[PDB]
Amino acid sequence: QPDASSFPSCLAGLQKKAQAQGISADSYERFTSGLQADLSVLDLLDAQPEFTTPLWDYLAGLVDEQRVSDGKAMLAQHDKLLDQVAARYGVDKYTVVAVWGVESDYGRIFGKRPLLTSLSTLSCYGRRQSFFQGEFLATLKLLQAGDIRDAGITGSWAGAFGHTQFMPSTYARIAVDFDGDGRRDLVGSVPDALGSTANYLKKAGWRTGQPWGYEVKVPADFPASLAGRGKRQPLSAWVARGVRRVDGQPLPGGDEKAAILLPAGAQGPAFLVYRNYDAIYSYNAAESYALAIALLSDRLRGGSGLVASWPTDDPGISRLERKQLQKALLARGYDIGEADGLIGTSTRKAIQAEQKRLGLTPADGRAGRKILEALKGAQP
């Protein structure tokens, strides 16, 4: 089993590796002095989840009306900067602000855990030590360079942090100094953050002026077997198969490769995705985040949102509504923690108990509209 007694020898070993890669002993002592193993970070790894979260729950929180209103506020406030970012990297401002909204809520996301604690612990314990050692050493190089200046910086357990939720190795490779002050500051500089977001997408293959894709309508008998991010066909093949834009307009046709996504079955919402969707997808390597960015970018361009409905009687609910649901559960005597809007195991267990009590099916523990409307009390 992991034991805290091994941590000092592990940290001392990493000092020699750090020195070999140009991190000074002074830097290493300054940034790692009083680091302690936090073995609780391993509780979040190779943890089998008890609950399944469908795509429409991710989208209800990532693309909620507050995310859309906040994004339109940022497009207004940062208009001139965003034009300069688009001019310098060839990525449109709606895409850049959509990524900023989904990844960090425009730089407002609470980092639960100190970066250097998570990464040093994961460098010394568990089954991914070599990977996390690279991330740990990349963080120390960024601190030595003064790109990062807060050794107590917080982020995800896996080391994603700042406006962009880059991991340290991504930060090293992709971060830009947009404002030209000699610092690549993705924590405190909105210019550096938006420029780095754009640079990430450019490096991932973004084609200037091309769409991510769009929502489409497929015919009743469209074969679900043809769908998937990996299964591209020329647009002419999709036209031949009766695929159309959701407003009935034809596709462009010709020879450009595109995939159809049917994340919720042959008559659920359908998406035609181009190479720029693949660039977006690379940021989180998860359809939930990739379609959140694409659909938020559609809302920020003044789109009304998804035309098709998800196959549920229980639509997802906003971040504000998740807080209302958590307050409702606390009011009914479920000790689920703070009403922070994060739907974790404690909340989902209380939802499932209420679903079974109320005869709601499925008793899936989802934070959906059905349980919200059932449990809301006074002044939600």
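From 1 onward, residues are counted along the sequence shown.
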Mind pulling up the entry and telling me whether 56 to 64 or 335 to 343 has the higher mean Cα temperature factor?
-> 335 to 343
Mean C-alpha B-factor higher for 247 to 255, or for 267 to 275?
-> 247 to 255
Could you check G134, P191, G180, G101 and tell me which one carries the biggest Cα B-factor in the deposited entry?
-> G180
Which one of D79, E215, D105, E287 shows the top CA temperature factor in the record?
-> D79
Where does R366 sit by CA temperature factor within its chain: lowest, middle or highest third?
-> lowest
CA B-factor ranking of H163, expressed as a third of its chain | lowest
Is the Cα B-factor recorded for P315 in the lowest, middle or highest third of its chain?
-> middle
Report the third (lowest, middle or highest) to which the CA temperature factor of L140 belongs, ranking only the modelled residues of the same chain.
-> lowest
Entry-reported C-alpha B-factor of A353 relative to its chain, by third, is middle
